[PDB]
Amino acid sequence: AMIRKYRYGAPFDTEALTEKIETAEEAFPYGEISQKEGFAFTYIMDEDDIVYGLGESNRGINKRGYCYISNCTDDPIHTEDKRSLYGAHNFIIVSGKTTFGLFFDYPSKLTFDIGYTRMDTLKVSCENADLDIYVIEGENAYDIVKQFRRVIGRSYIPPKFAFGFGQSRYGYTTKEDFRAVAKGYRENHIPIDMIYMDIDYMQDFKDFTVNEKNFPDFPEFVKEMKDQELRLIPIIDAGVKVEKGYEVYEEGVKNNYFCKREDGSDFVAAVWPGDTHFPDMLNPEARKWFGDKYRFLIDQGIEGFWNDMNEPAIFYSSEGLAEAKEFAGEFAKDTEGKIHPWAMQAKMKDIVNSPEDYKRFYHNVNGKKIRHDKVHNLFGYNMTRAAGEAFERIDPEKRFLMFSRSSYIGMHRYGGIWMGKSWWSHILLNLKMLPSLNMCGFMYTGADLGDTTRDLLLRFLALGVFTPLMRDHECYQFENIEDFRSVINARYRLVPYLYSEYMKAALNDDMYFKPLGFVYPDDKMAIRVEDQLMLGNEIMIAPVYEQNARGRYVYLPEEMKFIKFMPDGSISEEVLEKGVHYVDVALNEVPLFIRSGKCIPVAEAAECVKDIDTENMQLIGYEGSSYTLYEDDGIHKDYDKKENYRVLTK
């Protein structure tokens, strides 16, 4: 009754929500709806209004002052002007004198003009008036988000090992590249639980194969790593290689599981393996088929995966390549100078992730052919869905690590997200993206660091200490390796707390990271803070994101204990009063703040999730307070035991 759904035209069923909401017949309650040329929602904002949401998108926590377009795109350079990233997360909340949330359930290009054109005007528009709009009421933003979290269903939950630290890099290839890392960390006592294998582990980049030469006996080797508490996490891409005799390819062609051109032929998209076809992610049979293919790696002992290139990305199509060559030919032979270099250059750029290509193939949705652009933002979502639904059929009681590059709301039930250059500013960018992603159901997230300096790496890791996905995209290639061990030690000492908070949040449709505004709604200073986040109900983080900085300014909305994990293995604490502070944070120290009347458990440092001692964990924070610890086996889904909850008291 605090949520209403307004339907326009004949919307595509995106399955974003799991709760059914009845269609409202009354007037639309906020702003104005026009269906003249397409669809447009327009709303005049109050000057004090803050606009939260949009999950994975550019800029700040408050979205006012710019334009955002939901249109999943593989963009390598996330500069301030970019209007479209990997995710399409169509949920906003206006927070002010009048407060309300809106979900725009629409699968295509959706433009949020949020004060870009006129400062006071919010305008959300798309090309077709075929969509549901959910309006949600509440006393404040935080209340509105929790109701949204309920109706889109419970977020993906990873196995406990995924709260360890993982190492990654595009390059690894041989059993040796991998064994070095094993000794690299283990012999230097650096905690680690995971190692990601990038595309190079596949035979000629063929989904659901392993390179036979380099990996003659894969199961055995997977076990070799698992005996040292190291779990390999192989990638899987959207594109299936065109190649006679390759069974994934042959099956897809035979049974019509690929996306087709207008004429019925299988669309060709060039990606990592050269020519490929895209599995039709919106066709149920295709999905089950594609997902079933993970058994191949699972049966070999693999306990987790990552998806990439699932926008889906396109280096070029055959049509696009054919046009590019034809143009190159004219340029080649032009002497009048009628064809300029920059035009040649532009044509070459245009065939990548080309809008025209997205109009070249179709989805077969239960017999009905739908042009891909019309449902573009659903592709990566349904690829991750295919994996997740496969996992359930295969082993329903077991959690697999899984996360994806591209997404839409509704994918949050099946896997997490990772954010993809090595800039200081990307520390803060990734920080600000977290609360918004939590608002939209994506809790298991983290970022990579794309030209890297030691100090940039350490600051970046100090943020990752807190992000559920913590991975390096090495640690040993520098001076003073203890700094890097020291930072990861903090991560493993905080895992029981972090995992606990994540489970409690996930199981209750709550947020792991929160903006200060959600926790301290009456504090006008707090609501505007964007470079600090609240975690669970116990702490606040505030990472250093400036090069050569030895400290930073913070605002404390209440009395807190300033905590630092020191490099020597100790923990410094200082009580600090409500208000503004400058705090000192050395490169090898990990800071956080514990709120008045709270405490958190801290474990002794361990090198793998399995070996952390959560028996007599030290409690840090305020005497007299208590903490409810959540603990299970981290492997299965026996979430509801009363035994999972233990009350610790400092």
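In this text, residue numbers run from 1 along the sequence as written.
According to the entry, the deposited sequence has 4 to 9 residues without coordinates between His473 and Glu474. The deposited sequence places no unmodelled residues between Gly153 and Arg154, so the chain runs continuously there. Relative to one another, 218-226 and 284-292 have unequal mean CA B-factors, and 218-226 is the one with the higher figure. Stretches 174-182 and 250-258 differ in mean CA B factor, with 174-182 having the higher one. If you compare the C-alpha temperature factors of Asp81, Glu311, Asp130, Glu323 in the entry, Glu323 comes out highest. Across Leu535, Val554, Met202, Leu516, the greatest Cα temperature factor reported in the deposited entry is at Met202.
Ranked against the other modelled residues of its chain, the C-alpha B-factor of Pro496 as given in the entry falls in the middle third.
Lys368: CA B factor in the middle third of modelled residues in this chain (values from the PDB entry).
Among all modelled residues in this chain, the alpha-carbon of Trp423 has a temperature factor (C-alpha) in the highest third. Per the deposited record, the Cα B-factor of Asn382 falls in the lowest third when ranked against the other modelled residues of its chain. Per-chain ranking of the deposited C-alpha B factor places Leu449 in the highest third.
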